[PDB]
């Protein structure tokens, strides 16, 4: 690894490279082992240089946002982890808004309101970054990143810049082309419609109230873990299986929303995975229905 470190240092400012860095310090779930290399670029060129280098030497690269939609094993991640959290700009021009993939979508949603632009109120409570939102076509309460996005600037695994328009992004229900061909999102552009701020505020206020009353927003958490099985709702099945409150390590099935797994007591990525297995097993026994995992689990098992 000496070799990679030395090489990376030839390509990007040294202080932007952290070695054997515990990811639990940065993930929304507060879990995750060591990242061999944790890079925080402040420019697109730096992302390109790192991706090209990794491609050339076959080093796996993991793109990360706020970690609100993954579970990283306690063994950490082998290779290079690029955090896009510093690519945070948000700029508005009339009805258009551009934002770096590291910017919090909630921050962009709040900028939209500041300019009396309607169309992103649905995102006032979605955790994470713009890059992650694009990756999953994040959506809530009838809204989707897809409603107002024009394009997303990305870097392919070979290190080239590619501007993908709305159609090319192939935004779908909880999916996109970012997933299918491992591109890294650098920036997203939107076009919104002028609106009446008091009305924009009222919608955000209602959606905030609604979500707060239904979700365990006060605990680090991973959101909706399972796919929805035919004829039922995963959270309802889990609840009817009397799994709410069931804990393993420091992670338990939320007593506020059975579809959520909260880190209530310094839990680990291992607890999450174990609890998932246990929930799948308990439900299958009670209803004969098999819940399939929706949230990706990455990284290595410890030891």
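Residue numbers count along the first chain shown, from 1.
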| property | result |
| --- | --- |
| Stretch with the higher entry mean CA B-factor, where the candidates are 14-22 and 285-293 | 285-293 |
| Average Cα temperature factor in the PDB entry - higher stretch of 146-154, 222-230 | 222-230 |
| Identity of residue with top Cα B-factor, from 48, 40, 57, 66 | 57 |
| Ranked against its chain, the third holding the CA B-factor of residue 121 | lowest |
| Third assignment of residue 216 from its chain's C-alpha B-factors | highest |
| Cα B factor band for residue 181 (lowest, middle or highest third within the chain) | highest |
| Third of the chain, ranked by Cα B-factor, where residue 209 sits | middle |
| Third assignment of residue 74 from its chain's C-alpha B-factors | highest |
